[PDB]
Amino acid sequence: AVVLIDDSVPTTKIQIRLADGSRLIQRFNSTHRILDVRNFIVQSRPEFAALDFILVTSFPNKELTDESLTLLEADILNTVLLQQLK
Amino acid sequence: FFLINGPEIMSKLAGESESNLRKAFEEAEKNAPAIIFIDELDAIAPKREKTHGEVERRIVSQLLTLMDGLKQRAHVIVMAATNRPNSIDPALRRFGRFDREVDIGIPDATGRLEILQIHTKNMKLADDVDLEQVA
Amino acid sequence: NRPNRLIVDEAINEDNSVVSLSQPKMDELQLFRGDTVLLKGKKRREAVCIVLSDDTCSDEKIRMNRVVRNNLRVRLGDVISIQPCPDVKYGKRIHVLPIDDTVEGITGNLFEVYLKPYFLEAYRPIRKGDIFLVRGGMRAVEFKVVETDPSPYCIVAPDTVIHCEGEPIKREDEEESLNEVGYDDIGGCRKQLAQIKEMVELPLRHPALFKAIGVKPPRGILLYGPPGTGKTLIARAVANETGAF
């Protein structure tokens, strides 16, 4: 779970729901990019590291193709966002 | 305690109630020095006078034979409970069918306080009040 | 009259698509725009939908799906302790109830087309008993299961196609069920009937409280003697409102 967590920066409790429904809630700072979130998921879970892990919400379907997007632009604060490994 | 309900033995089949009564009596006798817990026995017979029902008459006769019968009740008590003593049957009201008979009266204010306190013993709904005072 | 009761108004959509969960709602409770929410609904209305949090457009009080709440007879303002419902998981082949009224207007095997559109990314509230916007075959295909005890909605793999019921459910039964005798018709005796109903419910909803009173709970409640107004109305309303045989 290597996520950029900082109290001074804007932290967001991103409840990253797994493919089985496991809401991996992480309070990642807004400065962290989507690459930081992907690295946190890979470190905390090797099942998504070995697969094409793209964060796609159920409603609506939008895969996290751009891993350079900052956590501030992601808008996943206190949100149950589904995650799938492909 | 051979508990006996009132509308229990009366069944649709012929002689089912009398057979059930005899079976219960025999089971209690062979079981122990049992007591016949005849619950709600008040509505069992209208003294066989107003008993226009032939099945009811047969039931009353079988009950009399079981109760009023030579060498019938050996160490076999009969817990008979009555709600309408007037509704009692003629033969049962006599000794031999029911040798003993008791009437339950209402309690006095002292007995009222006693029973009320005993019932209220489960809880404390007034810490600063005496239930005897209210009773 | 509870803290878990925000002021639920009608959502900007009659469905659960334009719900506006308050900033306080999104904060005190984990009330996301896209999170499964085990809210509270009346007449045994299990809501497990994902109500949007449109506090950005207006951080007003709670906004509730008007059509869905009306169909589920939900209370717009009730204590909707909307929690995640990930525990309720659906089976792979559940008895999905294909309604004849749902097919009454749908063209062809639009049930299969809608199921394909509904099996993965259903794009509708995940619950049962409410009015969810379901479009298929140029019609409203509400060919959904009435309810499933575990996961009334697809809380399983998106490909877990529940074995749809072969018989089509006619609209007459649905209308009869929807026209139920609720506690709303039980007005007037808002003192005596209310007291009796509270006595029954507390015995059912807080029997531990009655036991812990120190005194024994009431063994029962003999009902009021109605003077021919028709007590069957009150009895039916209570029986519908009560989960007892």
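Every number in this text was worked out from the coordinates using simple rules, so none of it is lab data. Neighbour counts run over all protein chains shown; Cβ positions are idealised from the backbone, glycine included.
Things worth noting here:
- Out of C:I155, C:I196, sole residue that is within 14 Å of another protein chain (Cβ to nearest Cβ) and hydrophobic (A, V, I, L, M, F, W, C): C:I155
- Checked against the criterion of being crowded, with 17+ Cβ neighbours inside 10 Å and farther than 23 Å from C:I155 by Cα, the stretch A:7-14 contains one or more residues that satisfy it.
- Residues in the stretch B:41-63 that are touching an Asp or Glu at 6+ places or on another chain (Cβ under 9 Å) and either crowded, with 18+ Cβ neighbours inside 10 Å or at positive phi (or both): B:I44, B:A45, B:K47, B:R48, B:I59, B:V60, B:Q62, B:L63.
- C:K197 vs. criteria farther than 24 Å from B:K124 by Cβ and touching a residue at least 40 places away in the same chain (Cβ under 8 Å): yes
- Residues within the stretch B:114-135 that are assigned to a helix (DSSP H, G or I), within 14 Å of chain C (Cβ to nearest Cβ) and surrounded by fewer than 11 Cβ atoms within 10 Å (Cβ to Cβ), tallied: 1
- Test: residue in the stretch C:27-37 that is not in a loop (DSSP other than H, G, I, E, B) and not hydroxyl-bearing (S, T, Y): yes
- Candidates B:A28, B:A45, B:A24, B:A32, filtered to the one that is touching a helix residue (DSSP H, G or I) at 6+ places or on another chain (Cβ under 6 Å), among the small types (G, A, S) and within 23 Å of B:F1 (Cβ to Cβ): B:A45
Residues checked against (1) touching a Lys or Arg at 6+ places or on another chain (Cβ under 6 Å); (2) closer than 21 Å to C:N16 by Cα; (3) assigned to a helix (DSSP H, G or I):
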residue: C:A122; (1), (2), (3): no, yes, no
residue: C:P125; (1), (2), (3): no, yes, no
residue: C:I131; (1), (2), (3): no, yes, no
residue: C:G137; (1), (2), (3): no, no, no
residue: C:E147; (1), (2), (3): yes, yes, no
residue: C:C154; (1), (2), (3): no, yes, no
residue: C:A157; (1), (2), (3): no, no, no
residue: C:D173; (1), (2), (3): no, no, yes
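- Failed condition for C:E14, given (1) surrounded by 18 or more Cβ atoms within 10 Å (Cβ to Cβ); (2) acidic (D, E); (3) in contact with a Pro (Cβ under 9 Å, 6 or more places away or on another chain): (3)
- Look at the stretch C:25-53: where a residue is under 14 Å from C:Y153 (Cβ atoms) and more than 8 Å from chain A (Cβ to nearest Cβ) and a partner is hydroxyl-bearing (S, T, Y) and assigned to a loop (DSSP other than H, G, I, E, B), sitting 6+ places away or on another chain with Cβ atoms under 7 Å, you get C:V48/C:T36; C:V48/C:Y153.
- Among the residues of the stretch C:60-112, just one is within 13 Å of the chain's Cα centre (by Cα), among the polar types (S, T, N, Q) and surrounded by 21 or more Cβ atoms within 10 Å (Cβ to Cβ), namely C:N65.
- Criterion: hydroxyl-bearing (S, T, Y), outside any helix (DSSP H, G or I) and in contact with a helix residue (DSSP H, G or I) (Cβ under 8 Å, 6 or more places away or on another chain) - qualifying residue of B:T82, B:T51: B:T51
- Residue count for the stretch B:90-113, restricted to those that are surrounded by 12 or more Cβ atoms within 10 Å (Cβ to Cβ) and either within 14 Å of chain C (Cβ to nearest Cβ) or among the hydrophobic types (A, V, I, L, M, F, W, C) (or both): 4
- Note on the stretch C:196-222: residues that are assigned to a loop (DSSP other than H, G, I, E, B) and either under 25 Å from the mean Cα position of the chain (by Cα) or under 16 Å from C:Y183 (Cα atoms) (or both) amount to 1.
- Test: residue in the stretch C:183-190 that is of a type in the set (V, I, T) and assigned to a helix (DSSP H, G or I): yes
- Residues in the stretch C:10-26 include none that are touching a strand residue (DSSP E or B) at 6+ places or on another chain (Cβ under 9 Å) and on the phi > 0 side of the Ramachandran plot.
- Top-ranked residue of the stretch C:200-235 - restricted to ones that are within 14 Å of another protein chain (Cβ to nearest Cβ) and basic (K, R), ranked as nearest to B:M123 (Cα to Cα): C:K216
Results for (1) within 14 Å of another protein chain (Cβ to nearest Cβ); (2) of a type in the set (S, T, N, Q); (3) free of Cβ contacts under 8 Å to residues at least 40 places away in the same chain, shown as yes or no for each residue.
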| residue | (1), (2), (3) |
| --- | --- |
| A:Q15 | yes, yes, no |
| A:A19 | yes, no, no |
| A:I34 | no, no, no |
| A:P46 | no, no, yes |
| A:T57 | yes, yes, yes |
| A:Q83 | yes, yes, no |
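- Residue check for A:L24: touching a helix residue (DSSP H, G or I) at 6+ places or on another chain (Cβ under 8 Å), under 29 Å from C:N16 (Cα atoms) and not in a strand (DSSP E or B): no
- Residue list for the stretch A:59-81, restricted to those being more than 14 Å from chain C (Cβ to nearest Cβ) and free of Cβ contacts under 8 Å to residues at least 40 places away in the same chain: A:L64, A:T65, A:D66, A:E67, A:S68, A:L69, A:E73
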